[PDB]
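Undergrad: This is structure.txt (compact mmCIF, C-alpha atoms).
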```
# COMPACT_ATOMS: atom_id res chain seq x y z
CA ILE A 102 -23.93 -11.60 19.14
CA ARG A 103 -22.34 -8.54 20.71
CA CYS A 104 -22.39 -5.62 18.25
CA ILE A 105 -23.54 -4.31 14.88
CA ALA A 106 -21.98 -1.51 13.15
CA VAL A 107 -23.68 -0.27 10.02
CA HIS A 108 -22.48 1.37 6.72
CA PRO A 109 -25.04 4.13 6.20
CA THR A 110 -24.00 5.31 2.95
CA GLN A 111 -23.77 1.98 1.59
CA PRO A 112 -26.51 -0.47 2.43
CA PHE A 113 -24.70 -2.37 5.14
CA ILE A 114 -24.98 -4.19 8.45
CA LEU A 115 -21.74 -5.27 10.01
CA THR A 116 -21.75 -7.55 12.89
CA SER A 117 -19.24 -8.76 15.43
CA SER A 118 -19.99 -11.75 17.55
CA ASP A 119 -18.44 -13.79 20.24
CA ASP A 120 -17.91 -16.60 17.95
CA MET A 121 -14.57 -14.85 17.30
CA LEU A 122 -16.19 -13.89 14.05
CA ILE A 123 -17.17 -10.78 12.33
CA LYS A 124 -19.53 -11.29 9.54
CA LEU A 125 -20.81 -8.78 7.10
CA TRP A 126 -24.27 -9.28 5.83
CA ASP A 127 -25.94 -7.51 2.88
CA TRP A 128 -29.42 -6.48 3.31
CA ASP A 129 -30.04 -5.63 -0.34
CA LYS A 130 -28.85 -9.07 -1.15
CA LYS A 131 -31.41 -9.87 1.47
CA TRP A 132 -29.17 -10.67 4.34
CA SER A 133 -26.39 -12.37 2.36
CA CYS A 134 -23.32 -13.18 4.43
CA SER A 135 -21.48 -11.15 2.05
CA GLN A 136 -18.11 -11.38 3.70
CA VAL A 137 -16.54 -12.64 6.83
CA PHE A 138 -13.92 -10.78 8.54
CA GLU A 139 -11.66 -12.82 10.63
CA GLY A 140 -8.38 -12.41 12.41
CA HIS A 141 -9.65 -13.09 15.91
CA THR A 142 -8.21 -14.37 19.12
CA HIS A 143 -11.30 -14.15 21.12
CA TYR A 144 -14.97 -13.48 21.10
CA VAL A 145 -15.85 -10.42 19.21
CA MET A 146 -16.96 -8.04 21.94
CA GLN A 147 -17.33 -4.94 19.87
CA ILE A 148 -17.36 -3.56 16.40
CA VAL A 149 -17.51 0.04 15.54
CA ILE A 150 -17.45 1.35 12.09
CA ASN A 151 -15.37 4.27 11.49
CA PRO A 152 -18.24 5.76 9.84
CA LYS A 153 -16.07 8.63 8.82
CA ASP A 154 -14.60 6.21 6.63
CA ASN A 155 -17.53 3.89 7.04
CA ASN A 156 -15.54 1.96 4.83
CA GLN A 157 -12.72 1.40 7.31
CA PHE A 158 -13.53 0.19 10.71
CA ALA A 159 -11.95 -0.79 13.99
CA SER A 160 -12.50 -3.76 16.32
CA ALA A 161 -12.05 -4.14 20.15
CA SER A 162 -11.20 -7.34 22.07
CA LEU A 163 -10.29 -8.09 25.63
CA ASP A 164 -7.40 -10.13 24.65
CA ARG A 165 -6.43 -6.48 24.49
CA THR A 166 -6.09 -5.85 20.91
CA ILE A 167 -7.39 -3.81 18.11
CA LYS A 168 -7.41 -4.60 14.53
CA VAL A 169 -8.23 -1.81 12.06
CA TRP A 170 -9.30 -2.99 8.77
CA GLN A 171 -9.45 -2.19 5.16
CA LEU A 172 -11.99 -4.07 2.97
CA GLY A 173 -8.94 -5.58 1.24
CA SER A 174 -8.06 -7.08 4.52
CA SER A 175 -10.88 -9.33 5.72
CA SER A 176 -8.48 -9.18 8.58
CA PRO A 177 -7.26 -5.87 9.86
CA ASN A 178 -4.69 -3.96 8.13
CA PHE A 179 -2.97 -4.41 11.36
CA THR A 180 -3.34 -5.19 14.89
CA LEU A 181 -2.03 -3.10 17.58
CA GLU A 182 -1.51 -4.03 21.05
CA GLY A 183 -3.63 -1.78 22.95
CA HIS A 184 -4.78 -2.91 26.31
CA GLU A 185 -3.14 -4.15 29.34
CA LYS A 186 -6.47 -5.39 30.22
CA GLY A 187 -8.64 -5.78 27.30
CA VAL A 188 -10.12 -3.47 24.84
CA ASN A 189 -13.64 -3.36 25.65
CA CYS A 190 -14.65 -0.78 23.33
CA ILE A 191 -13.49 1.36 20.56
CA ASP A 192 -14.94 4.68 19.66
CA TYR A 193 -14.26 7.44 17.20
CA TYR A 194 -13.59 11.02 17.23
CA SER A 195 -16.54 13.05 16.13
CA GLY A 196 -14.57 15.41 13.94
CA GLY A 197 -13.50 14.24 10.55
CA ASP A 198 -10.57 16.57 10.78
CA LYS A 199 -8.50 14.74 13.30
CA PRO A 200 -8.83 11.30 14.65
CA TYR A 201 -9.11 9.81 18.04
CA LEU A 202 -10.33 6.88 19.50
CA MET B 18 23.48 -0.37 -2.18
CA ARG B 19 21.62 2.82 -2.44
CA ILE B 20 18.38 1.94 -3.87
CA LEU B 21 15.70 4.35 -4.76
CA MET B 22 11.92 4.07 -4.75
CA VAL B 23 10.48 6.81 -6.68
CA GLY B 24 7.06 7.39 -7.68
CA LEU B 25 4.30 9.73 -6.99
CA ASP B 26 3.45 12.63 -5.10
CA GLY B 27 0.58 11.69 -2.96
CA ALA B 28 1.16 8.09 -3.87
CA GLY B 29 1.62 6.80 -0.55
CA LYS B 30 4.70 5.53 -1.83
CA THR B 31 5.29 4.92 1.63
CA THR B 32 2.08 3.11 1.95
CA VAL B 33 3.71 0.51 0.18
CA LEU B 34 6.95 0.79 1.96
CA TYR B 35 5.54 0.20 5.24
CA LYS B 36 3.27 -2.08 4.09
CA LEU B 37 6.30 -3.68 3.07
CA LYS B 38 8.35 -3.65 6.18
CA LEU B 39 5.69 -3.46 8.52
CA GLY B 40 2.99 -5.37 6.88
CA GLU B 41 0.31 -2.99 7.85
CA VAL B 42 0.85 0.00 5.37
CA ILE B 43 1.03 4.01 5.92
CA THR B 44 -0.92 7.32 4.54
CA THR B 45 -1.14 7.61 0.85
CA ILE B 46 0.95 10.62 1.22
CA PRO B 47 4.36 9.31 0.14
CA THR B 48 7.24 10.52 2.07
CA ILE B 49 7.85 14.19 2.41
CA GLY B 50 10.69 14.33 4.98
CA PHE B 51 13.60 12.17 3.87
CA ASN B 52 13.20 8.40 3.99
CA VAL B 53 15.72 5.53 4.06
CA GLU B 54 15.76 2.12 5.47
CA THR B 55 18.15 -0.48 4.73
CA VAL B 56 17.07 -3.90 4.03
CA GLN B 57 19.00 -7.17 3.87
CA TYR B 58 17.65 -9.22 1.20
CA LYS B 59 20.05 -11.69 0.19
CA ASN B 60 22.27 -10.09 2.70
CA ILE B 61 23.40 -7.35 0.50
CA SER B 62 21.97 -4.48 2.28
CA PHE B 63 20.29 -1.95 0.13
CA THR B 64 19.00 1.28 1.47
CA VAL B 65 15.80 1.73 -0.08
CA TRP B 66 14.82 5.20 -0.44
CA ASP B 67 11.09 6.32 -0.55
CA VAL B 68 10.69 9.68 -2.23
CA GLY B 69 7.27 11.23 -2.67
CA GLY B 70 6.48 13.04 -5.77
CA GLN B 71 6.70 15.99 -3.45
CA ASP B 72 6.76 18.08 -6.66
CA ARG B 73 9.70 19.39 -4.76
CA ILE B 74 10.51 15.74 -4.02
CA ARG B 75 10.86 15.09 -7.77
CA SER B 76 12.99 18.18 -8.20
CA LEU B 77 15.26 17.24 -5.25
CA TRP B 78 15.46 13.65 -6.41
CA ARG B 79 17.02 15.22 -9.49
CA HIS B 80 19.13 17.43 -7.21
CA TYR B 81 20.55 14.71 -5.03
CA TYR B 82 21.02 11.31 -6.50
CA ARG B 83 24.58 10.43 -6.96
CA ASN B 84 25.38 7.28 -5.28
CA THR B 85 23.02 5.17 -6.86
CA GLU B 86 23.42 2.10 -8.63
CA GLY B 87 19.87 0.54 -8.52
CA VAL B 88 16.14 1.37 -8.54
CA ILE B 89 12.46 0.49 -8.14
CA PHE B 90 10.91 3.05 -10.27
CA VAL B 91 7.47 3.13 -9.32
CA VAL B 92 4.76 4.02 -11.87
CA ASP B 93 0.81 3.91 -11.87
CA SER B 94 -1.01 1.72 -14.27
CA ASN B 95 -4.15 3.65 -13.76
CA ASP B 96 -2.57 7.03 -13.84
CA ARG B 97 -2.73 7.77 -17.30
CA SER B 98 -1.58 11.26 -17.25
CA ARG B 99 1.09 12.24 -15.00
CA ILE B 100 2.10 8.90 -15.94
CA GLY B 101 2.45 10.40 -19.38
CA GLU B 102 4.11 13.56 -18.53
CA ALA B 103 6.41 11.71 -16.38
CA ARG B 104 7.07 9.05 -18.78
CA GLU B 105 9.05 11.26 -20.87
CA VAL B 106 10.67 12.84 -18.27
CA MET B 107 11.73 10.10 -16.15
CA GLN B 108 12.68 8.21 -19.03
CA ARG B 109 15.15 10.63 -19.83
CA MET B 110 16.05 11.14 -16.47
CA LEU B 111 17.04 7.76 -16.49
CA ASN B 112 18.98 8.54 -19.52
CA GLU B 113 20.78 11.02 -17.73
CA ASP B 114 23.95 9.43 -16.96
CA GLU B 115 23.93 7.75 -13.64
CA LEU B 116 20.61 6.04 -14.00
CA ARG B 117 22.03 4.06 -16.67
CA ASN B 118 24.01 2.65 -13.62
CA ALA B 119 20.89 1.06 -12.55
CA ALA B 120 18.46 -1.57 -13.41
CA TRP B 121 14.91 -0.31 -13.39
CA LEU B 122 12.68 -2.55 -11.69
CA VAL B 123 9.71 -0.66 -12.40
CA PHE B 124 6.58 -1.19 -10.25
CA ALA B 125 3.27 -0.89 -12.17
CA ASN B 126 0.60 -0.27 -9.73
CA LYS B 127 -3.04 -0.20 -9.48
CA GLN B 128 -3.62 -3.11 -11.58
CA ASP B 129 -6.81 -4.46 -10.15
CA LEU B 130 -9.91 -4.87 -12.29
CA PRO B 131 -12.65 -2.99 -14.19
CA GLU B 132 -9.95 -0.42 -14.65
CA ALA B 133 -6.18 -0.18 -14.37
CA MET B 134 -3.90 0.20 -17.44
CA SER B 135 -2.92 -2.65 -20.12
CA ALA B 136 0.49 -4.03 -19.37
CA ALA B 137 1.25 -4.36 -23.08
CA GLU B 138 -0.03 -0.85 -23.79
CA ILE B 139 2.37 0.93 -21.42
CA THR B 140 5.21 -1.41 -22.34
CA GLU B 141 4.88 -0.33 -25.98
CA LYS B 142 4.12 3.25 -24.94
CA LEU B 143 7.62 3.39 -23.53
CA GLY B 144 8.79 1.01 -26.30
CA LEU B 145 9.71 0.53 -22.78
CA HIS B 146 9.40 -3.12 -22.49
CA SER B 147 12.68 -2.43 -24.38
CA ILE B 148 16.02 -4.11 -24.06
CA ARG B 149 17.73 -1.48 -26.09
CA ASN B 150 19.74 -1.40 -22.86
CA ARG B 151 20.11 -2.70 -19.04
CA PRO B 152 19.17 -5.44 -16.53
CA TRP B 153 15.64 -4.52 -16.06
CA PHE B 154 12.76 -5.85 -14.53
CA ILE B 155 9.30 -5.42 -15.03
CA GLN B 156 6.93 -6.17 -12.19
CA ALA B 157 3.09 -5.99 -12.00
CA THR B 158 1.35 -4.62 -9.08
CA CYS B 159 -0.94 -2.36 -7.23
CA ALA B 160 1.98 -2.28 -4.76
CA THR B 161 -0.53 -0.46 -2.79
CA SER B 162 -2.28 -3.81 -3.06
CA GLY B 163 1.05 -5.47 -2.61
CA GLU B 164 1.31 -7.50 -5.65
CA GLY B 165 4.51 -9.54 -6.36
CA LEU B 166 5.96 -10.01 -2.88
CA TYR B 167 8.72 -12.58 -2.85
CA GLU B 168 9.07 -12.27 -6.60
CA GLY B 169 10.43 -8.93 -6.25
CA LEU B 170 12.93 -9.73 -3.67
CA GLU B 171 13.89 -12.76 -5.36
CA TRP B 172 13.87 -11.94 -9.11
CA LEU B 173 15.81 -8.91 -8.29
CA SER B 174 18.33 -11.34 -6.82
CA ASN B 175 19.02 -12.69 -10.33
CA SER B 176 22.41 -11.09 -10.62
```
Rewrite the structure from the file as structure tokens, please.
TA:
Amino acid sequence: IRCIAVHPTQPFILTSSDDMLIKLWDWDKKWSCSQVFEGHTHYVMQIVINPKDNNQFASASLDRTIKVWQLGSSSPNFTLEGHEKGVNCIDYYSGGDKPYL
Amino acid sequence: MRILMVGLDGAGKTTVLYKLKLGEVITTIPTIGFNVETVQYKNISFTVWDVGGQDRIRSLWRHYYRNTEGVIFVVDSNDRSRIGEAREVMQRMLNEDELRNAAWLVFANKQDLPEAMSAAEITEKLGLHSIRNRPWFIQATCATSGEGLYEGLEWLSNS
């Protein structure tokens, strides 16, 4: 189990794991696996929540690609073909104003 | 054929459009800088035109328009209000000449649960399920959800 990303506003714990799975679990439901997010191609190395929009989040894998997701996409909205290596990590841009990873 | 997607200002009309070509979507700003792509469906190639309700967009839609013959008139089934104001307007707009040249395949969006707007309600609000005139089509959807995918392309084929 590589990474957890959390919704702060909303009572959540998001997890990515190497099983090529991202699961969402709900703590108020007392660790329900509320939803499973899948659209993998490899181990899930990292999850980061765009906390800015907690709600939307991005995922990094070393198969070099990034999926950004919408809740209504237990899959990303899309995948983009980032790395020429692998995408180890994904990070967000502190400001809400503009947006970088 | 020159085919027009109209609908809201701030809709993310576009959202839908590129959701549509591209699968993954686009900002719920609609267009604001001129938008056409031409699509083969059924190998008649229609240039489908996304216009944001750039207030100005609406005005300019009115301005420029000739050369149309068909349209996906997009409307929100959750927007109760500029849906209303519009309703009249657009309706008539449609009744202005040239839009009678065109089937209105209206897209009713944001139909999605514990709140949307009642298909029947709006239909009768416009009397508008009406066949007092044209090849029409009515299609459900939170196009922003994408809702009716092949059915559109296909039903629309019908002629």
Undergrad: Need the shell around residue 153 of chain B: protein/DNA/RNA residues with any atom at most 6 Å away, counting all atoms listed in the file. Skip same-chain ones fewer than 5 positions apart. Format as a PDB file with C-alpha atoms, keeping the file's coordinate frame?
TA:
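File written: selection_15.pdb
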```pdb
ATOM      1  CA  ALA B 120      18.460  -1.570 -13.410  1.00  0.00           C
ATOM      2  CA  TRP B 121      14.910  -0.310 -13.390  1.00  0.00           C
ATOM      3  CA  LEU B 122      12.680  -2.550 -11.690  1.00  0.00           C
TER       4      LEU B 122
END
```
Undergrad: For residue 117 of chain A, which residue among A:146, A:181, A:191, A:134 is the nearest when counting only C-alpha atoms?
TA: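 Checking each of A:146, A:181, A:191, A:134 against residue 117 of chain A, counting only C-alpha atoms, the winner is A:146.
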Undergrad: Pick out the chain B residues within 9 Å of chain A. Count all atoms listed in the file. Give them as a list in words.
TA: residues 40, 41, 42 and 162 of chain B
Undergrad: Kindly indicate which residue among A:193, A:201, A:158, A:138 lies nearest to residue 120 of chain A, using only C-alpha atoms for the distances.
TA: A:138
Undergrad: Which distance in Å separates atom CA of residue 63 of chain B and atom CA of residue 160 of chain B, to one decimal?
TA: 19.0 Å
Undergrad: Could you check how far atom CA of residue 107 of chain A sits from atom CA of residue 154 of chain A, in Å to one decimal?
TA: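 About the pair atom CA of residue 107 of chain A and atom CA of residue 154 of chain A: they are 11.7 Å apart.
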Undergrad: Just to confirm, what's the straight-line distance from atom CA of residue 170 of chain B to atom CA of residue 68 of chain B in Å (one decimal)?
TA: 19.6 Å
Undergrad: List the residues sitting within 12 Å of (-27.6, 1.0, 4.4) in the file's frame, using all atoms listed in the file, as a ChimeraX atom specification.
TA: /A:106-115,126-132,152,155
Undergrad: Contacts of residue 192 of chain A at 10 Å or less, counting only C-alpha atoms, minus same-chain residues fewer than 2 places along, as a VMD selection string?
TA: chain A and resid 147 to 151 159 to 161 190 194 to 195 201 to 202
Undergrad: Counting all atoms listed in the file, note down every residue that has an atom within 12 Å of the point (22.6, -1.1, -18.7) (file coordinates), as a PyMOL selection string.
TA: chain B and resi 86-87+111-112+114-121+147-154
Undergrad: Report as a PyMOL selection string all protein, DNA and RNA residues lying within 10 Å of residue 164 of chain B, evaluated on only C-alpha atoms, omitting residues in the same chain fewer than 3 positions from it.
TA: chain B and resi 124-129+156-161+167-169
Undergrad: Name the closest residue to residue 176 of chain A among the candidates A:125, A:104, A:140, A:118; distances are taken between atoms, counting all atoms listed in the file.
TA: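 For residue 176 of chain A, the nearest of the given residues is A:140.
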